[PDB]
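Next comes model29.cif, a file with mmCIF, C-alpha atoms and all ligand atoms.
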data_coords
#
loop_
_atom_site.group_PDB
_atom_site.id
_atom_site.type_symbol
_atom_site.label_atom_id
_atom_site.label_comp_id
_atom_site.auth_asym_id
_atom_site.auth_seq_id
_atom_site.Cartn_x
_atom_site.Cartn_y
_atom_site.Cartn_z
ATOM 1 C CA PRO D 1 28.458 -13.391 25.646
ATOM 2 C CA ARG D 2 25.289 -13.044 23.557
ATOM 3 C CA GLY D 3 25.660 -12.755 19.789
ATOM 4 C CA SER D 4 23.542 -10.385 17.755
ATOM 5 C CA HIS D 5 22.517 -13.331 15.545
ATOM 6 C CA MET D 6 20.353 -14.383 18.521
ATOM 7 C CA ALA D 7 19.286 -10.957 19.883
ATOM 8 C CA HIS D 8 16.016 -10.787 17.909
ATOM 9 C CA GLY D 9 15.216 -14.497 17.763
ATOM 10 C CA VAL D 10 17.220 -17.603 16.776
ATOM 11 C CA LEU D 11 16.958 -19.439 13.479
ATOM 12 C CA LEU D 12 16.016 -23.013 14.348
ATOM 13 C CA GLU D 13 19.119 -24.544 12.738
ATOM 14 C CA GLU D 14 21.278 -22.234 14.904
ATOM 15 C CA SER D 15 19.311 -22.841 18.100
ATOM 16 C CA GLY D 16 20.810 -26.088 19.345
ATOM 17 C CA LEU D 17 17.272 -27.507 19.692
ATOM 18 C CA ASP D 18 17.346 -31.188 18.716
ATOM 19 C CA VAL D 19 15.145 -31.773 15.663
ATOM 20 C CA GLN D 20 17.068 -34.582 13.964
ATOM 21 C CA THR D 21 14.082 -36.969 14.109
ATOM 22 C CA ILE D 22 11.675 -34.430 12.513
ATOM 23 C CA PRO D 23 10.994 -34.963 8.776
ATOM 24 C CA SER D 24 12.376 -32.128 6.624
ATOM 25 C CA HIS D 25 14.202 -30.584 9.576
ATOM 26 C CA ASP D 26 16.957 -29.440 7.186
ATOM 27 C CA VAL D 27 14.411 -27.169 5.452
ATOM 28 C CA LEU D 28 12.399 -26.217 8.551
ATOM 29 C CA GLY D 29 15.712 -25.241 10.199
ATOM 30 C CA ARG D 30 15.912 -22.310 7.715
ATOM 31 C CA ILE D 31 12.231 -21.260 8.054
ATOM 32 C CA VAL D 32 11.410 -21.442 11.778
ATOM 33 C CA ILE D 33 12.680 -18.805 14.220
ATOM 34 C CA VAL D 34 12.512 -19.746 17.907
ATOM 35 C CA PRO D 35 12.658 -17.418 20.941
ATOM 36 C CA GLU D 36 15.987 -16.225 22.287
ATOM 37 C CA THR D 37 14.506 -16.247 25.808
ATOM 38 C CA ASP D 38 13.098 -19.251 27.723
ATOM 39 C CA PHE D 39 10.339 -21.182 25.955
ATOM 40 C CA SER D 40 8.638 -24.561 26.095
ATOM 41 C CA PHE D 41 10.524 -27.158 24.089
ATOM 42 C CA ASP D 42 7.379 -29.341 24.036
ATOM 43 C CA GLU D 43 5.232 -26.547 22.509
ATOM 44 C CA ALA D 44 7.890 -25.682 19.923
ATOM 45 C CA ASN D 45 8.465 -29.339 19.082
ATOM 46 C CA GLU D 46 4.745 -29.982 18.517
ATOM 47 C CA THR D 47 4.442 -26.909 16.261
ATOM 48 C CA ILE D 48 7.519 -27.860 14.245
ATOM 49 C CA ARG D 49 6.337 -31.481 13.900
ATOM 50 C CA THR D 50 2.977 -30.249 12.589
ATOM 51 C CA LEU D 51 4.721 -28.083 9.991
ATOM 52 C CA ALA D 52 6.801 -31.139 9.057
ATOM 53 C CA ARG D 53 3.623 -32.881 7.865
ATOM 54 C CA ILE D 54 3.626 -30.524 4.869
ATOM 55 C CA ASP D 55 4.864 -31.768 1.467
ATOM 56 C CA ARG D 56 8.643 -31.254 1.476
ATOM 57 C CA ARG D 57 8.438 -29.448 -1.860
ATOM 58 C CA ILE D 58 6.128 -26.769 -0.400
ATOM 59 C CA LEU D 59 8.571 -26.279 2.467
ATOM 60 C CA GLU D 60 11.392 -25.873 -0.078
ATOM 61 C CA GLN D 61 9.286 -23.346 -1.990
ATOM 62 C CA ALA D 62 8.744 -21.382 1.226
ATOM 63 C CA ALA D 63 12.443 -21.420 2.074
ATOM 64 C CA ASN D 64 13.491 -20.370 -1.424
ATOM 65 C CA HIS D 65 11.017 -17.467 -1.174
ATOM 66 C CA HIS D 66 12.516 -16.595 2.255
ATOM 67 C CA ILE D 67 9.313 -16.995 4.247
ATOM 68 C CA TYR D 68 9.918 -17.302 7.996
ATOM 69 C CA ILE D 69 7.707 -18.519 10.851
ATOM 70 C CA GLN D 70 8.636 -16.891 14.180
ATOM 71 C CA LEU D 71 7.447 -18.667 17.305
ATOM 72 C CA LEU D 72 6.792 -16.277 20.196
ATOM 73 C CA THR D 73 6.362 -16.594 23.935
ATOM 74 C CA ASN D 74 4.913 -13.121 24.372
ATOM 75 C CA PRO D 75 2.026 -11.421 22.527
ATOM 76 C CA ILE D 76 2.317 -10.362 18.896
ATOM 77 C CA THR D 77 1.645 -6.777 20.058
ATOM 78 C CA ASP D 78 4.975 -6.743 21.925
ATOM 79 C CA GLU D 79 6.801 -7.075 18.571
ATOM 80 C CA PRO D 80 7.790 -3.608 17.332
ATOM 81 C CA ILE D 81 6.343 -4.127 13.825
ATOM 82 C CA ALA D 82 2.964 -4.924 15.425
ATOM 83 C CA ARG D 83 3.032 -2.385 18.259
ATOM 84 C CA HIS D 84 0.400 -0.211 16.570
ATOM 85 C CA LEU D 85 -2.087 -3.057 17.154
ATOM 86 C CA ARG D 86 -1.958 -2.877 20.970
ATOM 87 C CA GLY D 87 -5.412 -2.252 22.470
ATOM 88 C CA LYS D 88 -7.170 -2.241 19.075
ATOM 89 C CA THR D 89 -10.114 -4.308 17.893
ATOM 90 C CA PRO D 90 -9.284 -6.781 15.098
ATOM 91 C CA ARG D 91 -11.355 -6.416 11.931
ATOM 92 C CA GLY D 92 -14.427 -8.637 12.077
ATOM 93 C CA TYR D 93 -14.864 -8.568 15.838
ATOM 94 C CA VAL D 94 -17.371 -6.418 17.689
ATOM 95 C CA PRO D 95 -15.445 -3.730 19.584
ATOM 96 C CA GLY D 96 -15.015 -4.609 23.252
ATOM 97 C CA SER D 97 -15.173 -8.333 22.534
ATOM 98 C CA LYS D 98 -11.555 -8.800 21.368
ATOM 99 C CA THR D 99 -8.235 -6.956 21.054
ATOM 100 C CA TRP D 100 -5.165 -7.688 18.956
ATOM 101 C CA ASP D 101 -3.386 -8.418 22.275
ATOM 102 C CA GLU D 102 -5.472 -11.619 22.305
ATOM 103 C CA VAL D 103 -4.832 -12.702 18.689
ATOM 104 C CA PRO D 104 -2.133 -15.443 18.708
ATOM 105 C CA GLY D 105 -1.053 -15.443 15.068
ATOM 106 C CA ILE D 106 -0.644 -13.389 11.913
ATOM 107 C CA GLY D 107 0.061 -14.775 8.451
ATOM 108 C CA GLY D 108 0.228 -13.568 4.864
ATOM 109 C CA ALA D 109 3.594 -11.774 4.768
ATOM 110 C CA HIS D 110 7.167 -13.114 4.503
ATOM 111 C CA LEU D 111 7.217 -13.151 8.333
ATOM 112 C CA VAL D 112 4.559 -15.330 9.983
ATOM 113 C CA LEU D 113 4.067 -14.829 13.750
ATOM 114 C CA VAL D 114 2.732 -17.675 15.936
ATOM 115 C CA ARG D 115 2.488 -17.500 19.725
ATOM 116 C CA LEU D 116 3.311 -20.809 21.367
ATOM 117 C CA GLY D 117 0.576 -22.573 23.331
ATOM 118 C CA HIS D 118 -2.352 -21.616 21.062
ATOM 119 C CA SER D 119 -2.408 -24.235 18.277
ATOM 120 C CA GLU D 120 -5.800 -25.893 18.856
ATOM 121 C CA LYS D 121 -9.185 -24.490 17.875
ATOM 122 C CA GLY D 122 -10.646 -21.933 20.259
ATOM 123 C CA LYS D 123 -7.347 -20.696 21.750
ATOM 124 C CA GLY D 124 -7.877 -17.123 20.609
ATOM 125 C CA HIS D 125 -8.778 -18.167 17.052
ATOM 126 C CA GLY D 126 -11.208 -20.438 15.231
ATOM 127 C CA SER D 127 -8.902 -22.623 13.097
ATOM 128 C CA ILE D 128 -8.312 -26.352 13.470
ATOM 129 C CA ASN D 129 -4.580 -25.524 13.609
ATOM 130 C CA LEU D 130 -3.132 -22.050 14.072
ATOM 131 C CA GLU D 131 0.337 -22.559 12.573
ATOM 132 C CA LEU D 132 -0.862 -24.364 9.421
ATOM 133 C CA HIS D 133 -3.624 -21.796 8.831
ATOM 134 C CA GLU D 134 -1.323 -18.768 9.169
ATOM 135 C CA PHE D 135 1.486 -20.334 7.126
ATOM 136 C CA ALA D 136 -1.070 -21.162 4.421
ATOM 137 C CA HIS D 137 -1.912 -17.467 4.029
ATOM 138 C CA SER D 138 1.721 -16.651 3.336
ATOM 139 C CA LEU D 139 1.991 -19.594 0.927
ATOM 140 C CA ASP D 140 -1.175 -18.431 -0.877
ATOM 141 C CA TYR D 141 -0.075 -14.834 -1.279
ATOM 142 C CA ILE D 142 3.677 -15.284 -1.891
ATOM 143 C CA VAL D 143 4.433 -18.736 -3.306
ATOM 144 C CA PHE D 144 1.159 -19.229 -5.188
ATOM 145 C CA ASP D 145 0.520 -15.593 -6.282
ATOM 146 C CA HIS D 146 -2.900 -15.222 -4.591
ATOM 147 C CA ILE D 147 -4.140 -18.582 -5.836
ATOM 148 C CA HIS D 148 -7.446 -18.115 -3.965
ATOM 149 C CA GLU D 149 -8.307 -15.540 -6.661
ATOM 150 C CA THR D 150 -7.930 -17.943 -9.607
ATOM 151 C CA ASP D 151 -10.991 -19.101 -11.541
ATOM 152 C CA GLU D 152 -10.274 -22.719 -10.643
ATOM 153 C CA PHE D 153 -10.039 -22.083 -6.916
ATOM 154 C CA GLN D 154 -13.052 -19.749 -6.967
ATOM 155 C CA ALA D 155 -15.162 -22.571 -8.452
ATOM 156 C CA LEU D 156 -14.024 -25.067 -5.781
ATOM 157 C CA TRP D 157 -14.933 -22.511 -3.137
ATOM 158 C CA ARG D 158 -18.390 -21.964 -4.618
ATOM 159 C CA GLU D 159 -19.170 -25.662 -5.077
ATOM 160 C CA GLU D 160 -17.665 -27.193 -1.921
ATOM 161 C CA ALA D 161 -17.303 -24.634 0.882
ATOM 162 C CA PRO D 162 -21.059 -24.849 1.641
ATOM 163 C CA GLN D 163 -20.533 -28.609 2.196
ATOM 164 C CA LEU D 164 -17.439 -28.364 4.390
ATOM 165 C CA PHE D 165 -18.009 -25.157 6.410
ATOM 166 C CA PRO D 166 -21.793 -24.649 6.596
ATOM 167 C CA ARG D 167 -21.612 -23.326 10.162
ATOM 168 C CA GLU D 168 -18.329 -21.370 10.053
ATOM 169 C CA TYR D 169 -18.931 -17.946 8.496
ATOM 170 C CA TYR D 170 -15.366 -16.848 7.752
ATOM 171 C CA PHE D 171 -14.228 -20.155 6.240
ATOM 172 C CA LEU D 172 -17.440 -20.297 4.178
ATOM 173 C CA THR D 173 -17.543 -16.744 2.804
ATOM 174 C CA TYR D 174 -13.893 -15.637 2.470
ATOM 175 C CA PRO D 175 -11.915 -17.406 -0.289
ATOM 176 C CA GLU D 176 -8.538 -16.817 1.367
ATOM 177 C CA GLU D 177 -9.954 -18.345 4.583
ATOM 178 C CA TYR D 178 -11.368 -21.320 2.679
ATOM 179 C CA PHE D 179 -7.874 -21.894 1.186
ATOM 180 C CA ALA D 180 -6.023 -21.597 4.494
ATOM 181 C CA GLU D 181 -8.427 -23.731 6.507
ATOM 182 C CA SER D 182 -8.626 -26.388 3.794
ATOM 183 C CA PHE D 183 -4.826 -26.520 3.828
ATOM 184 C CA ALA D 184 -4.901 -26.999 7.626
ATOM 185 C CA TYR D 185 -7.472 -29.800 7.350
ATOM 186 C CA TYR D 186 -5.323 -31.570 4.745
ATOM 187 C CA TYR D 187 -2.202 -31.497 6.908
ATOM 188 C CA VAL D 188 -3.093 -31.531 10.618
ATOM 189 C CA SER D 189 -4.126 -35.218 10.750
ATOM 190 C CA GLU D 190 -5.291 -38.185 8.716
ATOM 191 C CA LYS D 191 -8.749 -37.798 10.275
ATOM 192 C CA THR D 192 -9.178 -34.158 9.197
ATOM 193 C CA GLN D 193 -7.701 -34.955 5.775
ATOM 194 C CA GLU D 194 -10.345 -37.648 5.257
ATOM 195 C CA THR D 195 -13.038 -35.229 6.422
ATOM 196 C CA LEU D 196 -11.862 -32.797 3.772
ATOM 197 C CA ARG D 197 -11.804 -35.580 1.168
ATOM 198 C CA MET D 198 -15.382 -36.647 1.879
ATOM 199 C CA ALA D 199 -16.980 -33.187 2.092
ATOM 200 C CA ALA D 200 -14.889 -31.384 -0.538
ATOM 201 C CA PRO D 201 -13.202 -33.890 -2.879
ATOM 202 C CA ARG D 202 -12.138 -31.372 -5.520
ATOM 203 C CA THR D 203 -10.625 -29.065 -2.882
ATOM 204 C CA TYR D 204 -8.809 -32.080 -1.433
ATOM 205 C CA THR D 205 -7.237 -32.819 -4.822
ATOM 206 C CA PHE D 206 -6.357 -29.142 -5.314
ATOM 207 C CA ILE D 207 -4.430 -29.078 -2.009
ATOM 208 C CA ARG D 208 -2.808 -32.457 -2.655
ATOM 209 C CA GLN D 209 -1.251 -31.168 -5.918
ATOM 210 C CA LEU D 210 -0.726 -27.597 -4.668
ATOM 211 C CA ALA D 211 3.062 -27.713 -5.137
ATOM 212 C CA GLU D 212 2.634 -27.829 -8.943
ATOM 213 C CA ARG D 213 0.737 -24.487 -8.862
ATOM 214 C CA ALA D 214 3.561 -22.142 -7.754
ATOM 215 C CA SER D 215 5.022 -19.110 -9.524
HETATM 216 ZN ZN ZN J 301 -7.024 -16.561 8.270
#
Step by step, read the file and then write its structure as structure tokens.
Amino acid sequence: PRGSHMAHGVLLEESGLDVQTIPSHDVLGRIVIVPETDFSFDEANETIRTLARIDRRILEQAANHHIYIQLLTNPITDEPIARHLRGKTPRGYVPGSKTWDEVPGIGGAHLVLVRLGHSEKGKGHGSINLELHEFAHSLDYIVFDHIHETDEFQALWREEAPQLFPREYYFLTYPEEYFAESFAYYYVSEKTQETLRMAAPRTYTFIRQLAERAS
């Protein structure tokens, strides 16, 4: 007997997956959607533990805005709301060099999609951490009302992105990318956070106090 509450994915808190030792699992349990078919517990656990590095208040903001992060085993282009992307070139790639079938995440809307097994840099994307980068887009646009467009953030981007991302075109020249990748550096590890702090100290402080900038 399969219930319709699990037919299209399972909310983490309803999944029976054991997350009791994960910080903020009470909040993440209402944000993360896991597959209703077989998936790797190790891959899901690592993704959820990375998201649990985020300031609890930001997670609460995301939950109260009803942002969800759906973890997938199959490609994003098998989801009906992304089916139009099958076989198409993603913006910014040379045609023939990439299709949306090969893109493992999408962020910015109230539903974030992340395919399991692709977190690290180079696995179909160029971010230090796929799930933090994509979630940061949705935070930026929804919780923080396009904060990458504010005068304060624009000035951080101008002054510090050339120091932090001199060799990474999209993180250097797109303010929404600078926001999302800076967020991922702050939260993926202590080592990347200290890299951010040394190369881009004002951006570091901006991310550290981000929770006080919501709307
Ligand atoms: Zn991005």
List the residues matched by the PyMOL selection byres (((chain D and resi 84-101) around 12) and not hetatm) in the displayed structure as a list in words, ordered by chain and then by residue number.
->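 Residues picked by the PyMOL selection byres (((chain D and resi 84-101) around 12) and not hetatm): residues 74, 75, 76, 77, 78, 79, 80, 81, 82, 83, 102, 103, 104, 105, 106, 115, 124, 125, 169, 170 and 174 of chain D.
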When distances are computed from only C-alpha atoms and all ligand atoms, which of D:143, D:72, D:188, D:112 shows the smallest separation from ligand ZN 301 (chain J)?
-> D:112
Mind listing the residues within 7 Å of ligand ZN 301 (chain J), all atoms listed in the file counted, as a ChimeraX atom specification?
-> /D:133-134,137,177,180
Of D:117, D:211, D:197, D:123, the one nearest to residue 40 in chain D when counting only C-alpha atoms is D:117
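If you measure from each of D:39, D:24, D:126, D:33 to residue 10 in chain D using only C-alpha atoms, the closest one turns out to be D:33.
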Residue with smallest distance to residue 68 in chain D - pool D:151, D:18, D:131, D:120, counting all atoms listed in the file = D:131
Distance CA of residue 49 in chain D-CA of residue 67 in chain D, one decimal place?
->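 Going from CA of residue 49 in chain D over to CA of residue 67 in chain D covers 17.7 Å.
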Selection near residue 150 in chain D, 12 Å with all atoms listed in the file, sequence-local residues under 3 positions removed, as a ChimeraX atom specification | /D:140-141,144-147,153-157,175-176,179,213
Please write as a PyMOL selection string the list of polymer residues whose atoms come within 12 Å of (9.6, -23.9, -0.9), counting only C-alpha atoms and keeping to the coordinates of the file.
-> chain D and resi 24+27-28+30-31+54-68+135+138-139+142-144+210-215
Residue contacts of residue 187 in chain D (12 Å, only C-alpha atoms) excluding same-chain residues fewer than 2 positions away, as a VMD selection string | chain D and resid 49 to 55 128 to 133 135 to 136 180 to 185 189 to 197 204 207 to 208
From the list D:8, D:48, D:109, D:159, which residue is nearest residue 26 in chain D when using all atoms listed in the file?
->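 For residue 26 in chain D, the nearest of the given residues is D:48.
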May I ask which of the residues D:110, D:118, D:5, D:158 is the closest one to residue 202 in chain D, counting only C-alpha atoms?
->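 Ranked by minimum distance to residue 202 in chain D, first place goes to D:158.
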CA of residue 32 in chain D to CA of residue 4 in chain D, straight-line distance in Å = 17.5 Å
